[PDB]
Amino acid sequence: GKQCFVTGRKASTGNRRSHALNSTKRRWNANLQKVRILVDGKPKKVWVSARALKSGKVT
Amino acid sequence: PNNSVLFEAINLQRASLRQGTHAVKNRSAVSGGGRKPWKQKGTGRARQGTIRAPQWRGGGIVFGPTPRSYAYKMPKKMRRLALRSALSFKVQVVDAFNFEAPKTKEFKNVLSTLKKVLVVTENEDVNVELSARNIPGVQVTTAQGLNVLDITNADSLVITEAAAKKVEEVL
Amino acid sequence: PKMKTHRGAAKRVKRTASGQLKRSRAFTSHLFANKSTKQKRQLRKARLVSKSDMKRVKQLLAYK
Amino acid sequence: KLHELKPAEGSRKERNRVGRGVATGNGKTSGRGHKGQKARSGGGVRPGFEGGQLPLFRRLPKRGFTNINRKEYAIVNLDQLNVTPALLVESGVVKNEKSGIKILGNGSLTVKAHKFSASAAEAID
RNA sequence: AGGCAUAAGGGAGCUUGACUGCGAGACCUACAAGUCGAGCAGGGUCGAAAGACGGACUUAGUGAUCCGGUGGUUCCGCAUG
RNA sequence: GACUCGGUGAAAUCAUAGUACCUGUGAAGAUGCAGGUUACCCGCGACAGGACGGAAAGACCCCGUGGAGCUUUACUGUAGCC
RNA sequence: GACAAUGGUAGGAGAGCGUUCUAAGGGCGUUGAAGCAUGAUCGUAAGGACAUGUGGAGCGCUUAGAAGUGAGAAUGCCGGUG
RNA sequence: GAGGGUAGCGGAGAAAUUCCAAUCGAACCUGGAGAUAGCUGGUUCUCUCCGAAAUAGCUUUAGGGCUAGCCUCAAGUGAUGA
RNA sequence: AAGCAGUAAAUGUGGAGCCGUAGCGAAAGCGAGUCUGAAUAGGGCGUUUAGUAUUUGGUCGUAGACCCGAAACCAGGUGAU
RNA sequence: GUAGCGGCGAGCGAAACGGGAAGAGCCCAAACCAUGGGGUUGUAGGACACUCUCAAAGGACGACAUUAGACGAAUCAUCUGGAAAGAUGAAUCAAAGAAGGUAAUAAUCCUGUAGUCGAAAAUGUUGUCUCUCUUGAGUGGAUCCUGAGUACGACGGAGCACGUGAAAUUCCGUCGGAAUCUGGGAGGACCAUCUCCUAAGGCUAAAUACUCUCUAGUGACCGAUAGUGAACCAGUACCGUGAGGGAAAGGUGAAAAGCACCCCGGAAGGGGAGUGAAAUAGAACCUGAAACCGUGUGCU
Numbered sequence: 002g003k004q005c006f007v008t009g010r011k012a013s014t015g016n017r018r019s020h021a022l023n024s025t026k027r028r029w030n031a032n033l034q035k036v037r038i039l040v041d042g043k044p045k046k047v048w049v050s051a052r053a054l055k056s057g058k059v060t
Numbered sequence: 028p029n030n031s032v033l034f035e036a037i038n039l040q041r042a043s044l045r046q047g048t049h050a051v052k053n054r055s056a057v058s059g060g061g062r063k064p065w066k067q068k069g070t071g072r073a074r075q076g077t078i079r080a081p082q083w084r085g086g087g088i089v090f091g092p093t094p095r096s097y098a099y100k101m102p103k104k105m106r107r108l109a110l111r112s113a114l115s116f117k118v119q125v126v127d128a129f130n131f132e133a134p135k136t137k138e139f140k141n142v143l144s145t146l150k151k152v153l154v155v156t157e158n159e160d161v162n163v164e165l166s167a168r169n170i171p172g173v174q175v176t177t178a179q180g181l182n183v184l185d186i187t188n189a190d191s192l193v194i195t196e197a198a199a200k201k202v203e204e205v206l
Numbered sequence: 002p003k004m005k006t007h008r009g010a011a012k013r014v015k016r017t018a019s020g021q022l023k024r025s026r027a028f029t030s031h032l033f034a035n036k037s038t039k040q041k042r043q044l045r046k047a048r049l050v051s052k053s054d055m056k057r058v059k060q061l062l063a064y065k
Numbered sequence: 002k003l004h005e006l007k008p009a010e011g012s013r014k015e016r017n018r019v020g021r022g023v024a025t026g027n028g029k030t031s032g033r034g035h036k037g038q039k040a041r042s043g044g045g046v047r048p049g050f051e052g053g054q055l056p057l058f059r060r061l062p063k064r065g066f067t068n069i070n071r072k073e074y075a076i077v078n079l080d081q082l083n091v092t093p094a095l096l097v098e099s100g101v102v103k104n105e106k107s108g109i110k111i112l113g114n115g116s117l122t123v124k125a126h127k128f129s130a131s132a133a134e135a136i137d
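Take a look at the structure:
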């Protein structure tokens, strides 16, 4: 569905553990956020992860 | 001769010479099933679990054939002693064969002037094996390929002057 | 399938040069004010697993 | 001879075959006695189970550790000697130098080796 | 409950054997456990000495392993220190 | 409807049966054992005392270190919510 | 020869019979194999022959080897029939 | 009446644990799967020799199990058995 | 042993590896002794001095493991005629 | 079944050395130069200086094999028979005595086998020559490059034989966040010293797993309740709304020679008469057991 347009940031899936170590499946979403960027075909708006918009991509 | 070892050599060889390609289908393999036929409790019929169980017909073999090997081994020294005992009981020898062309009548004459014969030659003469593979009761081989089943199946041994020496060198 | 050893009994007992085993001694971990100096010193040694226990457990240590 | 074969007297026996009649001795119950957890296909309790009472090898304290650098040697006595480590291998004495050939002093009588017992270094001279 | 007036009961002086390493042999015992023990070596206390002393007149007052803590130590410490 | 006649024609049940009563005995309620008493061989219509009659591997009771559903301030968790 | 022993459930040990196939050897068979039916037969048992009918083309026997190796019980499965 | 919609860790319920294809305190079908069953039932030929137990201890144990007691086969010691 | 040769065969070759002739200790490490110990003092374990390879049978272990038989659980679908 | 991992329980359980099958290594980004060229690495390589000279991808080119086939040795006679391949005689072939069929049991009767030969054409592969490609190599070094929100840290997880542990080596999400050859990393926490390598770009055949599928074959594998559920027009009758479940069903004879004709009968079905070696082998057709149903009769 959603993933970083620039990087490949997906969501993972791990276990929410406990104190009794009773694990249950959880996910690990990526810090994805909409923003307008100059995809050189035209200015669009897309999902970008806050990591990937750390100093290296122009809005 | 050592009969206690020669028996095991023969039995070992006839065991090793089996395929073992024989199978059968148990509950897991027979088609269908996976449905209890009736309810187990109110019918009046016996309680059953599937129509492909052993007591039925058409389903299920409890044990039986499986594709499995039959050969086994035994020590090098016992192998060599069984071969020595077989030759020892044969003892209990001609010049070289001369066959330009494979001509079975020539070989039949050669066997008559001298019917379970085992004609043992040197490395391989490919006009004596051919001259002799059609006669019923005659088996030909070489000093590197002396079986124990071959030997003990034979009523006679016809080994050349060279094969006698090569087997005296081997064993 | 090789028969597996009992990896919790290999941490406890060893085999001697007669085919018999050399276990440790129980009652030697705490509550030492509740034992005689004889009973504390008599337990410091080691003993052999009895024949009954060579009955229950002898294939659990067949490689050891 | 291939039509009169005879295995050595005492080698072979016919297997025991249970559950076939009551005149063999192992027919009805087939050597299992009457009802119970051990007269059921699926075996009894696992070996070493002991029924609920805490088993032996969980009721005794653990003991020691294992050294990583354990140097076990090839033990030769002075009866084997009635001399490089290689010649001692190529004679048929040391079929494996585990760490090195150590010479001991049991028996009676030059030697290159990696260690020596006291009795050995005495009785070689 | 069994013994005790050898006192095992009472009083007084002196001290720390309420020791360290052990242990022939035996009782009990399904196992794990439990009980007794002459004698031997190191060090001593009492006594003038022989000697006695490894708790209490005897038998209850206790809880496997795993794991954690602390004190030492000769051991190990994943190329070497 | 049943009953008799012509036509057609099942079913549950069923160890083999030449299948009596009584007083006993017996796994303590016998057609079948003991001791007695009674009964010539075969049907047909009818009744419902016994065959511990027949159907339904007792829905009761208890036992599975058996399941399932429900409850809660039982244990450990969890969607969610702050 | 003489003496001694020989009830048996759970269970332990030994010796055997029989079935299908395989190797070797040696045989039977359209002048009639296997099978089936009958029989008044031999063995301590599992069982083995023989004869006659029926049948129409394959089977024993010795010695070893290998097993899908023996059925009266599973409210067993399928078919037939009461 | 016709045409449609809601589906099982679910749906509908004027509420009965009521309905969801003659089945519902959680449908049916196929797979994991030959689940597991310390429980019932069954377990196929002959002969020869020997021949028990229903007890102790511990047990989440009490119709189960483990060690010991009682049986059997082999080797040995060797008079130690009554 | 795998491998290579060999008729889906024996069999030849293949010494990596395994078992054994040495044990004791947790270990360093000693070694016909060793560990505990101040001390063979005593004591534990050793010094039996034949093992090994293949296979017949008995039995056990991991695989459904003597056969039949649940109530149930999970996953993926088919169902509102 | 070792080291270890484990309510240290049930259990899980490596790897390197050693022996073997197979076996090749390479193209980039960066510096620099004029989209192109140059350059690809650890006993440091490249640039820069001299000197000294899979790997790029389209195409034709004769042999082998695969898809129909041809040849293919050598026997006659009596007894039984319904019928000879059998039994009894004499004989030949064998690089062919595998197998099947033929009125019975065949090396010589047929189809075959041993062996040799065969391709209009299509196709796959091996081969040469064509074809496209193509600058190789040492020495010195001031200096310029060698993969950055990357390595790594903290937190929460996953994975390593390894359960958060003293957890090294690898990944994921979230924040912070490095150096550049005396640089970086690893050697089971960690530091020092040594030893070995050079991350953060990419591509690679073989040794290996398996079987729809074609051809050739073997079996101490089954032989019609077996073997596939299906030897038979079978995933079919049938069952279900549906997903889906699912059977029973083989044999005349060597050859149909499969009963012309007559009689009873409405036909079916019979009894003769013929075919046949056999008809109680007459298509409900090889044998033809038992339960079960009958008719007759010796003893009661």
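Chains as they are written, first to last, in the authors' numbering: chain J, 2 to 60; chain S, 28 to 119, 125 to 146, 150 to 206; chain Q, 2 to 65; chain X, 2 to 83, 91 to 117, 122 to 137. Don't be surprised by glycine CBs; every beta carbon is placed ideally from N, CA and C.
- Here S/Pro-81 is exposed: its Cβ has fewer than 16 other Cβ atoms, across all protein chains shown, within 10 Å.
- Interface annotation, X/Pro-8: in contact with chain S, CB-CB separation under 7 Å.
- When beta bridges are read from the DSSP output, S/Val-89 appears opposite no residue.
- The C-beta separation of S/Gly-87 from S/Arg-79 comes to about 5 Å, placing the pair in contact by the 8 Å criterion.
- In this structure, DSSP gives S/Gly-60 a state outside helix and strand, which the three-state scheme calls coil.
- Closest by C-alpha distance to S/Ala-109, out of S/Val-193, S/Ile-37, S/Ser-191, is S/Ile-37.
- Within the DSSP bridge table, the entry for J/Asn-16 names J/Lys-26 as partners.
- In terms of Cβ geometry, S/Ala-197 and S/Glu-157 form a close pair [threshold 7 Å].
- A direct Cα-to-Cα measurement between Q/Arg-13 and X/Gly-65 gives close to 8 Å.
- Taking C-beta separations shorter than 6 Å and ignoring five residues to either side along the sequence, the partners of X/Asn-114 in its chain run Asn-78, following chain order.
- A distance below 7 Å separates the beta carbons of Q/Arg-16 and Q/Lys-65.
- In this structure, DSSP gives S/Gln-179 a helical state, which the three-state scheme calls helix.
- Spanning the alpha carbons of S/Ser-58 and S/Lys-66 requires a straight line of approximately 22 Å.
- Shown here, S/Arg-107 sits in a helix according to DSSP, grouped into three states.
- By the Cβ criterion, the stretch 127–141 of chain S is not in contact with the stretch 177–188 of chain S, since fewer than three pairs of Cβ atoms, one from each stretch, lie closer than 8 Å.
- Distances from the CA of S/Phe-90 to each of S/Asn-53, S/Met-105, S/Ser-96 were compared; the closest alpha carbon is that of S/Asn-53.
- Under the three-state reduction of DSSP output, S/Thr-195 falls in the strand class.
- The stretch 30–48 of chain S makes contact with the stretch 90–99 of chain S: 3 or more CB pairs, one atom from each, lie closer than 8 Å.
- Residues of chain X with a Cβ closer than 8 Å to the Cβ of S/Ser-144 do not exist, since the nearest Cβ in that chain sits about 25 Å away.
- Cβ contact annotation for J/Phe-6 (same chain, cutoff 7 Å, sequence separation greater than five): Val-47, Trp-48, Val-49, in chain order.
- Using a CB distance below 9 Å, the part of the stretch 55–66 of chain X facing chain Q consists of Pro-56, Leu-57, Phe-58, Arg-59, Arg-60, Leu-61, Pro-62, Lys-63, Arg-64, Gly-65, ordered along the chain.
- With fewer than 16 other beta carbons inside 10 angstroms of its own, X/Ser-107 counts as exposed.
- Close CB contacts of J/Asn-16 within its chain, under the 8 Å cut and outside five residues either way in sequence, are with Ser-24, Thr-25, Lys-26, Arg-27 (chain order).
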